[PDB]
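This is run_17.cif. It holds mmCIF, C-alpha atoms.
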data_start
loop_
_atom_site.label_atom_id
_atom_site.label_comp_id
_atom_site.auth_asym_id
_atom_site.auth_seq_id
_atom_site.Cartn_x
_atom_site.Cartn_y
_atom_site.Cartn_z
CA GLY A 327 62.22 -74.38 165.48
CA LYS A 328 60.48 -74.07 168.83
CA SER A 329 63.85 -73.97 170.61
CA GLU A 330 64.50 -70.26 170.06
CA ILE A 331 61.55 -69.08 172.14
CA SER A 332 62.77 -71.57 174.73
CA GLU A 333 66.34 -70.26 174.91
CA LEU A 334 64.83 -66.78 175.31
CA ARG A 335 62.80 -67.57 178.43
CA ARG A 336 66.03 -69.09 179.77
CA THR A 337 68.05 -65.93 179.16
CA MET A 338 65.12 -63.66 180.03
CA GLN A 339 64.63 -65.23 183.48
CA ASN A 340 68.39 -65.24 183.99
CA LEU A 341 68.33 -61.46 183.63
CA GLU A 342 65.46 -61.17 186.10
CA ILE A 343 67.70 -62.79 188.71
CA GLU A 344 70.58 -60.47 187.88
CA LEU A 345 68.11 -57.63 188.41
CA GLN A 346 67.14 -59.05 191.80
CA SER A 347 70.84 -59.22 192.59
CA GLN A 348 71.35 -55.59 191.54
CA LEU A 349 68.38 -54.32 193.51
CA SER A 350 69.57 -56.25 196.56
CA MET A 351 72.98 -54.60 196.17
CA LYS A 352 71.51 -51.11 195.68
CA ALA A 353 69.24 -51.58 198.71
CA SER A 354 72.15 -52.79 200.82
CA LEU A 355 74.21 -49.78 199.70
CA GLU A 356 71.46 -47.34 200.63
CA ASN A 357 71.45 -48.87 204.11
CA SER A 358 75.21 -48.42 204.47
CA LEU A 359 75.28 -44.80 203.37
CA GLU A 360 72.54 -43.47 205.66
CA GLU A 361 74.09 -45.58 208.42
CA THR A 362 77.51 -44.06 207.78
CA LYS A 363 76.14 -40.51 207.72
CA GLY A 364 74.56 -41.35 211.07
CA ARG A 365 77.53 -42.87 212.93
CA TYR A 366 79.75 -39.89 212.26
CA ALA A 367 77.13 -37.16 212.75
CA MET A 368 76.50 -38.57 216.21
CA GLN A 369 80.09 -39.39 217.21
CA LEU A 370 80.92 -35.88 216.07
CA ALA A 371 78.00 -34.42 218.00
CA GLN A 372 79.34 -36.40 220.97
CA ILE A 373 82.83 -34.86 220.65
CA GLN A 374 81.42 -31.41 219.94
CA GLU A 375 79.65 -31.73 223.28
CA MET A 376 82.80 -32.77 225.17
CA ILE A 377 84.52 -29.79 223.53
CA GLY A 378 81.93 -27.27 224.71
CA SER A 379 82.12 -28.57 228.27
CA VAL A 380 85.87 -27.93 228.41
CA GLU A 381 85.51 -24.51 226.81
CA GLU A 382 83.08 -23.46 229.55
CA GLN A 383 85.35 -24.76 232.31
CA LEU A 384 88.17 -22.78 230.69
CA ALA A 385 86.11 -19.59 230.38
CA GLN A 386 85.12 -19.83 234.05
CA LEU A 387 88.70 -20.26 235.19
CA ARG A 388 89.86 -17.18 233.28
CA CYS A 389 87.05 -15.12 234.86
CA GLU A 390 88.30 -16.39 238.20
CA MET A 391 91.88 -15.71 237.17
CA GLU A 392 90.70 -12.21 236.34
CA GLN A 393 89.37 -11.69 239.87
CA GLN A 394 92.49 -13.24 241.45
CA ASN A 395 95.04 -10.86 239.88
CA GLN A 396 92.67 -8.02 240.71
CA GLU A 397 92.68 -9.25 244.31
CA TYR A 398 96.49 -9.32 244.27
CA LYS A 399 96.59 -5.70 243.08
CA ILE A 400 94.42 -4.58 245.98
CA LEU A 401 96.61 -6.46 248.41
CA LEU A 402 99.59 -4.68 246.87
CA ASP A 403 98.10 -1.16 246.98
CA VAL A 404 97.76 -1.88 250.69
CA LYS A 405 101.11 -3.50 251.50
CA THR A 406 102.59 -0.41 249.85
CA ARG A 407 100.63 2.02 252.03
CA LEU A 408 101.85 0.04 255.02
CA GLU A 409 105.47 0.16 253.87
CA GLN A 410 104.83 3.90 253.64
CA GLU A 411 103.33 3.83 257.13
CA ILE A 412 106.29 2.10 258.84
CA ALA A 413 108.61 4.29 256.78
CA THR A 414 106.97 7.28 258.43
CA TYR A 415 107.07 5.88 261.97
CA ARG A 416 110.76 4.99 261.46
CA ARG A 417 111.29 8.55 260.26
CA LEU A 418 110.01 9.85 263.60
CA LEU A 419 112.88 8.22 265.46
CA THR B 382 52.50 -66.68 166.76
CA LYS B 383 55.90 -65.71 165.16
CA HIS B 384 55.42 -62.29 166.89
CA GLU B 385 56.56 -63.77 170.23
CA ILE B 386 60.33 -63.83 169.54
CA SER B 387 60.14 -60.18 168.42
CA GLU B 388 59.05 -58.83 171.82
CA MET B 389 60.85 -61.28 174.13
CA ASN B 390 63.93 -59.70 172.54
CA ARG B 391 62.67 -56.13 172.82
CA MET B 392 62.11 -56.91 176.51
CA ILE B 393 65.49 -58.54 177.06
CA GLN B 394 66.94 -55.33 175.61
CA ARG B 395 64.93 -53.30 178.12
CA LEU B 396 65.92 -55.47 181.11
CA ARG B 397 69.64 -55.18 180.38
CA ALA B 398 69.28 -51.40 180.08
CA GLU B 399 67.46 -51.44 183.41
CA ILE B 400 70.23 -53.51 185.01
CA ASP B 401 72.85 -51.23 183.42
CA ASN B 402 71.29 -48.33 185.33
CA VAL B 403 71.20 -50.05 188.74
CA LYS B 404 74.86 -50.85 188.07
CA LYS B 405 75.58 -47.22 187.10
CA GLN B 406 73.67 -46.21 190.24
CA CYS B 407 75.38 -48.58 192.67
CA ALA B 408 78.71 -47.14 191.51
CA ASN B 409 77.94 -43.52 192.37
CA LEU B 410 76.72 -44.94 195.69
CA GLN B 411 80.02 -46.52 196.71
CA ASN B 412 81.72 -43.23 195.83
CA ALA B 413 79.15 -41.49 198.02
CA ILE B 414 79.83 -43.74 200.97
CA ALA B 415 83.56 -43.47 200.32
CA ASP B 416 83.05 -39.70 200.38
CA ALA B 417 80.85 -40.08 203.44
CA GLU B 418 83.57 -41.82 205.45
CA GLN B 419 86.34 -39.62 204.05
CA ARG B 420 84.47 -36.51 205.13
CA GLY B 421 83.59 -38.19 208.42
CA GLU B 422 86.90 -39.55 209.68
CA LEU B 423 88.25 -36.04 209.16
CA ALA B 424 85.59 -34.23 211.21
CA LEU B 425 86.17 -36.63 214.11
CA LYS B 426 89.89 -36.13 213.65
CA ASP B 427 89.53 -32.34 213.72
CA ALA B 428 87.12 -32.52 216.63
CA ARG B 429 89.31 -34.81 218.74
CA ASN B 430 92.15 -32.35 218.08
CA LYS B 431 90.35 -29.22 219.22
CA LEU B 432 89.35 -31.17 222.35
CA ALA B 433 92.86 -32.05 223.46
CA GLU B 434 94.04 -28.56 222.49
CA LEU B 435 91.64 -27.21 225.12
CA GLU B 436 92.18 -30.04 227.61
CA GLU B 437 95.77 -28.82 227.26
CA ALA B 438 94.95 -25.11 227.80
CA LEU B 439 92.81 -25.98 230.79
CA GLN B 440 95.53 -27.85 232.68
CA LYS B 441 97.93 -25.13 231.59
CA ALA B 442 95.56 -22.53 233.02
CA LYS B 443 94.88 -24.64 236.14
CA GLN B 444 98.57 -24.38 237.07
CA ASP B 445 98.81 -20.66 236.38
CA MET B 446 96.02 -20.09 238.90
CA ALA B 447 97.61 -22.37 241.47
CA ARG B 448 100.65 -20.16 240.87
CA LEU B 449 98.96 -16.78 241.28
CA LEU B 450 97.51 -18.18 244.51
CA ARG B 451 100.93 -18.94 245.88
CA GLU B 452 101.83 -15.44 244.62
CA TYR B 453 98.92 -13.94 246.58
CA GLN B 454 99.55 -15.99 249.72
CA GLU B 455 103.21 -14.95 249.66
CA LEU B 456 102.20 -11.27 249.25
CA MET B 457 99.79 -11.66 252.16
CA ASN B 458 102.40 -13.17 254.49
CA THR B 459 104.42 -9.96 254.26
CA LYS B 460 101.44 -7.58 254.53
CA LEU B 461 100.28 -9.13 257.81
CA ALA B 462 103.97 -9.02 258.80
CA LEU B 463 104.00 -5.24 258.27
CA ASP B 464 100.79 -5.03 260.32
CA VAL B 465 102.77 -6.07 263.41
CA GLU B 466 105.63 -3.68 262.67
CA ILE B 467 103.02 -0.90 262.50
CA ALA B 468 101.76 -2.15 265.88
CA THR B 469 105.13 -2.39 267.64
CA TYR B 470 105.86 1.11 266.31
CA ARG B 471 102.51 2.70 267.23
CA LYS B 472 103.15 1.33 270.73
CA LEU B 473 106.63 2.86 270.94
CA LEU B 474 105.06 6.22 270.02
CA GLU B 475 102.16 6.40 272.48
CA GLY B 476 104.18 4.56 275.12
#

Please rewrite the model in this file as structure tokens.
Amino acid sequence: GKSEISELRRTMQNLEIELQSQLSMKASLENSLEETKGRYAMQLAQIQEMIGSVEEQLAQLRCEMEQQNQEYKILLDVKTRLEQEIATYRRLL
Amino acid sequence: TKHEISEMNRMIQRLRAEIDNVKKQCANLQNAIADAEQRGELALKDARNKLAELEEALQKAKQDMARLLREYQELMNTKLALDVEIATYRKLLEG
């Protein structure tokens, strides 16, 4: 007669431990998610930074490459005038 | 007195339903993390890729410059070489 209420505490308290086990799982999952979201956000931020550095270096070089072909052109517009100049002196002979 | 078995059971019903929800919750969670790392590994992948792509363009560019510099030097060698022809020919003129 009195056994039923007894089996119920047994099964009741058993559930309470399964709850504890579920909450522990849930809590441990929450940890892992936030932690995941962190590791990648920061590794990515790290790579994004390396990327920007290279892009600047590249941009600079092209600006310098701009000035260096420009410099060549000048040099040429001169070497040509000179060719013209010797051409003329040779024409005098 | 008899009323005790009636609620212990109502409660056991409630507790299971509670546990069923933590279970249903922990499942969406794993998916979320799964989705977290799926999304993630890809961004790093993509990132890494862009990086080398540029590392590549840089070195590529580096050489092109080195080249144009040889190109300029070589153009200069001749220009200063014409400078001395102009000289030896100005001389011949004005004795």

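The space between atom CA of residue 434 of chain B and atom CA of residue 415 of chain B spans 28.7 Å.
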
Find the residues near residue 469 of chain B: any atom within 12 Å, counting all atoms listed in the file, skip ones fewer than 5 places away on the same chain, and give them as a VMD selection string. (chain A and resid 412 415 to 416) or (chain B and resid 462 to 464 474 to 476)

What is the distance between atom CA of residue 422 of chain B and atom CA of residue 439 of chain B, in Å to one decimal?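 Atom CA of residue 422 of chain B sits 25.8 Å away from atom CA of residue 439 of chain B.
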
May I have the residues within 7 Å of segment 337-342 of chain A as a list in words, using all atoms listed in the file and disregarding those fewer than 3 positions away in the same chain? residues 333, 334, 345 and 346 of chain A; 393 and 396 of chain B

Keeping only C-alpha atoms, write those residues as a short mmCIF file (atom, residue, chain, number, x, y, z; two decimals), keeping the file's coordinate frame.
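Below is the file that was written, out17.cif:
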data_model
loop_
_atom_site.label_atom_id
_atom_site.label_comp_id
_atom_site.auth_asym_id
_atom_site.auth_seq_id
_atom_site.Cartn_x
_atom_site.Cartn_y
_atom_site.Cartn_z
CA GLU A 333 66.34 -70.26 174.91
CA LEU A 334 64.83 -66.78 175.31
CA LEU A 345 68.11 -57.63 188.41
CA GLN A 346 67.14 -59.05 191.80
CA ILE B 393 65.49 -58.54 177.06
CA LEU B 396 65.92 -55.47 181.11
#

Apply the PyMOL selection byres ((chain B) within 7 of (chain A)) to the displayed file and report the matching residues as a PyMOL selection string. chain B and resi 386+389+393+396+400+403-404+407+410+414+417-418+421+424-425+428-429+432+435-436+439+446+453+460+463+466-467+470

Atom CA of residue 327 of chain A to atom CA of residue 383 of chain B: how many Å, to one decimal?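 Between these atoms lies a distance of 10.7 Å.
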
Writing N, CA and C atoms and nothing else, produce segment 420-465 of chain B as a PDB file, in the first residue's frame.
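Result saved to result-v7.pdb:
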ATOM      1  N   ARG B 420      30.374  27.768 -41.040  1.00  0.00           N
ATOM      2  CA  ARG B 420      30.529  29.152 -41.464  1.00  0.00           C
ATOM      3  C   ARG B 420      31.981  29.581 -41.289  1.00  0.00           C
ATOM      4  N   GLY B 421      32.531  29.280 -40.118  1.00  0.00           N
ATOM      5  CA  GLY B 421      33.857  29.732 -39.748  1.00  0.00           C
ATOM      6  C   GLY B 421      34.970  29.233 -40.643  1.00  0.00           C
ATOM      7  N   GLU B 422      35.122  27.912 -40.717  1.00  0.00           N
ATOM      8  CA  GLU B 422      36.224  27.302 -41.453  1.00  0.00           C
ATOM      9  C   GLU B 422      36.294  27.890 -42.857  1.00  0.00           C
ATOM     10  N   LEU B 423      35.127  28.251 -43.378  1.00  0.00           N
ATOM     11  CA  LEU B 423      35.011  28.813 -44.712  1.00  0.00           C
ATOM     12  C   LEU B 423      35.590  30.227 -44.801  1.00  0.00           C
ATOM     13  N   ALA B 424      35.235  31.077 -43.842  1.00  0.00           N
ATOM     14  CA  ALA B 424      35.730  32.449 -43.816  1.00  0.00           C
ATOM     15  C   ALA B 424      37.250  32.476 -43.745  1.00  0.00           C
ATOM     16  N   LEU B 425      37.814  31.632 -42.884  1.00  0.00           N
ATOM     17  CA  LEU B 425      39.260  31.512 -42.766  1.00  0.00           C
ATOM     18  C   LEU B 425      39.829  31.028 -44.088  1.00  0.00           C
ATOM     19  N   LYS B 426      39.193  30.008 -44.650  1.00  0.00           N
ATOM     20  CA  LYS B 426      39.576  29.508 -45.959  1.00  0.00           C
ATOM     21  C   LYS B 426      39.626  30.652 -46.965  1.00  0.00           C
ATOM     22  N   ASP B 427      38.496  31.324 -47.149  1.00  0.00           N
ATOM     23  CA  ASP B 427      38.412  32.444 -48.080  1.00  0.00           C
ATOM     24  C   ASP B 427      39.477  33.489 -47.800  1.00  0.00           C
ATOM     25  N   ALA B 428      39.586  33.873 -46.533  1.00  0.00           N
ATOM     26  CA  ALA B 428      40.580  34.847 -46.119  1.00  0.00           C
ATOM     27  C   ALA B 428      41.960  34.400 -46.585  1.00  0.00           C
ATOM     28  N   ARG B 429      42.442  33.296 -46.018  1.00  0.00           N
ATOM     29  CA  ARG B 429      43.741  32.742 -46.385  1.00  0.00           C
ATOM     30  C   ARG B 429      43.983  32.873 -47.890  1.00  0.00           C
ATOM     31  N   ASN B 430      42.950  32.576 -48.675  1.00  0.00           N
ATOM     32  CA  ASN B 430      43.063  32.571 -50.129  1.00  0.00           C
ATOM     33  C   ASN B 430      43.352  33.950 -50.694  1.00  0.00           C
ATOM     34  N   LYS B 431      42.538  34.924 -50.299  1.00  0.00           N
ATOM     35  CA  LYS B 431      42.751  36.302 -50.723  1.00  0.00           C
ATOM     36  C   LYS B 431      44.184  36.725 -50.405  1.00  0.00           C
ATOM     37  N   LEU B 432      44.658  36.324 -49.228  1.00  0.00           N
ATOM     38  CA  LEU B 432      45.984  36.699 -48.739  1.00  0.00           C
ATOM     39  C   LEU B 432      47.091  36.250 -49.681  1.00  0.00           C
ATOM     40  N   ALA B 433      47.089  34.966 -50.018  1.00  0.00           N
ATOM     41  CA  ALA B 433      48.110  34.431 -50.908  1.00  0.00           C
ATOM     42  C   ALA B 433      47.982  35.057 -52.291  1.00  0.00           C
ATOM     43  N   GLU B 434      46.740  35.211 -52.748  1.00  0.00           N
ATOM     44  CA  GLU B 434      46.452  35.859 -54.025  1.00  0.00           C
ATOM     45  C   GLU B 434      47.187  37.187 -54.161  1.00  0.00           C
ATOM     46  N   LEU B 435      47.198  37.956 -53.077  1.00  0.00           N
ATOM     47  CA  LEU B 435      47.897  39.237 -53.035  1.00  0.00           C
ATOM     48  C   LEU B 435      49.402  39.066 -52.827  1.00  0.00           C
ATOM     49  N   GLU B 436      49.779  38.220 -51.869  1.00  0.00           N
ATOM     50  CA  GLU B 436      51.180  37.863 -51.684  1.00  0.00           C
ATOM     51  C   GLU B 436      51.769  37.555 -53.058  1.00  0.00           C
ATOM     52  N   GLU B 437      50.982  36.840 -53.861  1.00  0.00           N
ATOM     53  CA  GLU B 437      51.339  36.490 -55.234  1.00  0.00           C
ATOM     54  C   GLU B 437      51.501  37.724 -56.143  1.00  0.00           C
ATOM     55  N   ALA B 438      50.524  38.628 -56.101  1.00  0.00           N
ATOM     56  CA  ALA B 438      50.529  39.817 -56.949  1.00  0.00           C
ATOM     57  C   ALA B 438      51.669  40.743 -56.571  1.00  0.00           C
ATOM     58  N   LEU B 439      51.963  40.779 -55.276  1.00  0.00           N
ATOM     59  CA  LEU B 439      53.042  41.607 -54.759  1.00  0.00           C
ATOM     60  C   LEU B 439      54.358  41.187 -55.398  1.00  0.00           C
ATOM     61  N   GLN B 440      54.766  39.948 -55.134  1.00  0.00           N
ATOM     62  CA  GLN B 440      55.996  39.400 -55.695  1.00  0.00           C
ATOM     63  C   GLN B 440      56.017  39.585 -57.197  1.00  0.00           C
ATOM     64  N   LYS B 441      54.877  39.325 -57.829  1.00  0.00           N
ATOM     65  CA  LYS B 441      54.750  39.515 -59.262  1.00  0.00           C
ATOM     66  C   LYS B 441      55.088  40.956 -59.604  1.00  0.00           C
ATOM     67  N   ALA B 442      54.429  41.885 -58.922  1.00  0.00           N
ATOM     68  CA  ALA B 442      54.720  43.303 -59.089  1.00  0.00           C
ATOM     69  C   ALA B 442      56.188  43.649 -58.777  1.00  0.00           C
ATOM     70  N   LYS B 443      56.686  43.172 -57.639  1.00  0.00           N
ATOM     71  CA  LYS B 443      58.077  43.395 -57.251  1.00  0.00           C
ATOM     72  C   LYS B 443      59.034  43.213 -58.429  1.00  0.00           C
ATOM     73  N   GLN B 444      58.851  42.121 -59.164  1.00  0.00           N
ATOM     74  CA  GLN B 444      59.731  41.773 -60.276  1.00  0.00           C
ATOM     75  C   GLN B 444      59.570  42.732 -61.449  1.00  0.00           C
ATOM     76  N   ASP B 445      58.331  43.125 -61.710  1.00  0.00           N
ATOM     77  CA  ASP B 445      58.038  44.025 -62.810  1.00  0.00           C
ATOM     78  C   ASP B 445      58.791  45.332 -62.605  1.00  0.00           C
ATOM     79  N   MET B 446      58.769  45.835 -61.374  1.00  0.00           N
ATOM     80  CA  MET B 446      59.527  47.030 -61.026  1.00  0.00           C
ATOM     81  C   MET B 446      61.014  46.824 -61.260  1.00  0.00           C
ATOM     82  N   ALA B 447      61.567  45.795 -60.629  1.00  0.00           N
ATOM     83  CA  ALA B 447      62.968  45.455 -60.828  1.00  0.00           C
ATOM     84  C   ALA B 447      63.288  45.506 -62.320  1.00  0.00           C
ATOM     85  N   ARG B 448      62.325  45.061 -63.127  1.00  0.00           N
ATOM     86  CA  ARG B 448      62.471  45.018 -64.577  1.00  0.00           C
ATOM     87  C   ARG B 448      62.521  46.421 -65.172  1.00  0.00           C
ATOM     88  N   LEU B 449      61.500  47.221 -64.891  1.00  0.00           N
ATOM     89  CA  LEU B 449      61.432  48.579 -65.417  1.00  0.00           C
ATOM     90  C   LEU B 449      62.656  49.395 -65.010  1.00  0.00           C
ATOM     91  N   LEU B 450      63.297  48.983 -63.921  1.00  0.00           N
ATOM     92  CA  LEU B 450      64.487  49.667 -63.431  1.00  0.00           C
ATOM     93  C   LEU B 450      65.691  49.310 -64.284  1.00  0.00           C
ATOM     94  N   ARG B 451      65.815  48.034 -64.619  1.00  0.00           N
ATOM     95  CA  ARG B 451      66.800  47.641 -65.606  1.00  0.00           C
ATOM     96  C   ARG B 451      66.494  48.356 -66.925  1.00  0.00           C
ATOM     97  N   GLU B 452      65.210  48.440 -67.282  1.00  0.00           N
ATOM     98  CA  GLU B 452      64.793  49.132 -68.509  1.00  0.00           C
ATOM     99  C   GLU B 452      65.231  50.598 -68.507  1.00  0.00           C
ATOM    100  N   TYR B 453      65.106  51.244 -67.353  1.00  0.00           N
ATOM    101  CA  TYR B 453      65.462  52.653 -67.221  1.00  0.00           C
ATOM    102  C   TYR B 453      66.976  52.847 -67.237  1.00  0.00           C
ATOM    103  N   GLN B 454      67.672  52.041 -66.441  1.00  0.00           N
ATOM    104  CA  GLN B 454      69.129  52.029 -66.428  1.00  0.00           C
ATOM    105  C   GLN B 454      69.690  51.865 -67.839  1.00  0.00           C
ATOM    106  N   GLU B 455      69.201  50.858 -68.551  1.00  0.00           N
ATOM    107  CA  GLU B 455      69.630  50.605 -69.922  1.00  0.00           C
ATOM    108  C   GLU B 455      69.363  51.792 -70.853  1.00  0.00           C
ATOM    109  N   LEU B 456      68.223  52.465 -70.678  1.00  0.00           N
ATOM    110  CA  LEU B 456      67.908  53.664 -71.463  1.00  0.00           C
ATOM    111  C   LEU B 456      68.850  54.803 -71.112  1.00  0.00           C
ATOM    112  N   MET B 457      69.211  54.883 -69.838  1.00  0.00           N
ATOM    113  CA  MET B 457      70.137  55.913 -69.378  1.00  0.00           C
ATOM    114  C   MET B 457      71.567  55.730 -69.884  1.00  0.00           C
ATOM    115  N   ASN B 458      72.026  54.484 -69.947  1.00  0.00           N
ATOM    116  CA  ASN B 458      73.363  54.195 -70.453  1.00  0.00           C
ATOM    117  C   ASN B 458      73.597  54.805 -71.832  1.00  0.00           C
ATOM    118  N   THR B 459      72.584  54.706 -72.685  1.00  0.00           N
ATOM    119  CA  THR B 459      72.669  55.212 -74.047  1.00  0.00           C
ATOM    120  C   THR B 459      72.560  56.734 -74.115  1.00  0.00           C
ATOM    121  N   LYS B 460      71.706  57.309 -73.270  1.00  0.00           N
ATOM    122  CA  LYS B 460      71.496  58.756 -73.251  1.00  0.00           C
ATOM    123  C   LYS B 460      72.772  59.496 -72.856  1.00  0.00           C
ATOM    124  N   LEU B 461      73.427  59.035 -71.794  1.00  0.00           N
ATOM    125  CA  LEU B 461      74.715  59.600 -71.394  1.00  0.00           C
ATOM    126  C   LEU B 461      75.808  59.278 -72.416  1.00  0.00           C
ATOM    127  N   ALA B 462      75.560  58.263 -73.242  1.00  0.00           N
ATOM    128  CA  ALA B 462      76.469  57.888 -74.327  1.00  0.00           C
ATOM    129  C   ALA B 462      76.317  58.808 -75.541  1.00  0.00           C
ATOM    130  N   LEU B 463      75.121  59.372 -75.696  1.00  0.00           N
ATOM    131  CA  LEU B 463      74.859  60.360 -76.738  1.00  0.00           C
ATOM    132  C   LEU B 463      75.377  61.724 -76.293  1.00  0.00           C
ATOM    133  N   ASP B 464      75.392  61.943 -74.979  1.00  0.00           N
ATOM    134  CA  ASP B 464      75.919  63.178 -74.399  1.00  0.00           C
ATOM    135  C   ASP B 464      77.371  63.429 -74.832  1.00  0.00           C
ATOM    136  N   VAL B 465      78.145  62.355 -74.950  1.00  0.00           N
ATOM    137  CA  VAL B 465      79.559  62.461 -75.298  1.00  0.00           C
ATOM    138  C   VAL B 465      79.785  62.498 -76.809  1.00  0.00           C
TER     139      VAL B 465
END
